[PDB]
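One line per chain: the protein sequences are A and B, in this order. Using our numbering, you'd call the opening residue of the first sequence number 5 and step up by one each time. Using our numbering, you'd call the opening residue of the second sequence number 20 and step up by one each time. For every residue, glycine included, the Cβ atom is placed at its ideal position computed from N, Cα and C. Scroll down for the structure; my scribbles are underneath it.
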Amino acid sequence: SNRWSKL
Amino acid sequence: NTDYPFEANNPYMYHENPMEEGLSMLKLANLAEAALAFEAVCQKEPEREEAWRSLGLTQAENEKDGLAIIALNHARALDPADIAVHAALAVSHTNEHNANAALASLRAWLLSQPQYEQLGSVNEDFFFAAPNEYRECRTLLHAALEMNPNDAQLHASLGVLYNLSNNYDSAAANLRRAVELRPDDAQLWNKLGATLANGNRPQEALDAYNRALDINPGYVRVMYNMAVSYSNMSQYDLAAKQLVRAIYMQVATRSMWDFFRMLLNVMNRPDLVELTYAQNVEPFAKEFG
């Protein structure tokens, strides 16, 4: 699982 | 590096005051449009700051941090006291992994508030590389927090900071405190969503993102963020559906297509991957309207 979420 | 790449054939170069047209396209839950409008006000009136701010603030919501920072820097260039621009800057650099520019922006967000400018009298163990800058404005925001125990924008700011140091433990505690206060802030429900997702709880995250879309039914980041959680849980059908809705609602688009290309990949569809190179979201059928 390694993708980045955005604020 | 300085100026905005303005989109050609802007239909609002022909409209008498497009600021108002856009401001209510944002009211009409339609970011792609409202960005064009503000793009004109900025080209018609360079010197008007609430145009560059609305432009930036909107592009960030429309999943384009690149253009959002360029735009907020001009709004800051015009008014360097503008707490909403600085709040937004911090969020954008945090996402863009520019640590020093983020800390600077948070600090500036705090010290510009007249009720906190008293704190400007300042002066191995805990995390960050970029360390003095981070120990400073973590202290500074806690002092601010024991002045005003329940300032929601203070928690939301602590949440921003704890994402940079990868402490989604504390970030989620604070951003949970921040919604609750303001349980109808979409900006804030997303932030929780992302904190949770980054800290490996995509399950919960998906809840937080739904509350956000209940409030702003056309918030493109979030649609994208929902794809990111569905992808991280290896539920690629769902990620794929969600990214399409996000791509559609974005309008051309971005590395958004690159992300969709790797989904169809792991999914074992060599077709479909082949035809991502047309602009067209049209053929991709599982959703309609």
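If you check each beta-carbon in the stretch 236 to 252 of chain B against every beta-carbon of chain A, the ones closer than 8 Å belong to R240, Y243, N244, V247, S248, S250, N251, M252. Using a 10 angstroms sphere on the CB of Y296 of chain B, the tally of other CB atoms stays under 16, which defines it as exposed. Put simply, the backbone Cα of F147 of chain B is about 43 Å away from that of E293 of chain B. Distances from the alpha-carbon of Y23 of chain B to those of B:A59, B:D233, B:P99 put B:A59 closest.
Under the Cβ criterion of 8 Å, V179 of chain B is counted among the residues facing chain A. For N217 of chain B, the closest Cβ of chain A is nearer than 8 Å. Three or more Cβ pairs closer than 8 Å define a contact, and the stretch 100 to 109 of chain B meets that threshold against the stretch 121 to 131 of chain B.
If you check each beta-carbon in the stretch 104 to 121 of chain B against every beta-carbon of chain A, the ones closer than 7 Å belong to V110, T113, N114.
Take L183 of chain B, set aside five residues on each side of it, and the residues of its chain with a beta-carbon closer than 8 Å to its own are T113, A118, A121, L122, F147, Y153, in chain order. Contact note: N182 of chain B reaches chain A through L11, using a C-beta cutoff of 9 Å and chain order.
The Cβ atoms of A94 of chain B and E68 of chain B sit closer than 8 Å to each other.
Taking a contact to require three or more Cβ pairs closer than 8 Å, the stretch 24 to 43 of chain B and the stretch 256 to 263 of chain B do not qualify as touching.
At a cut-off of 8 Å between C-beta atoms, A148 of chain B does not count as an interface residue with respect to chain A. By the Cβ-count criterion, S111 of chain B is buried, with 16 or more other Cβ atoms from all chains shown falling within 10 Å of its own Cβ. A straight-line Cα-Cα distance of about 18 Å links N219 of chain B and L180 of chain B.
Considered as a whole, the stretch 254 to 297 of chain B harbours 255 to 269, 275 to 285, 289 to 292 as its complete alpha helix (DSSP H) runs of no fewer than 4 residues, in chain order. The beta carbon of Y255 of chain B sits closer than 7 Å to the beta carbons of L282, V285, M286 from its chain, once the five residues preceding and following it are set aside; these are given in chain order.
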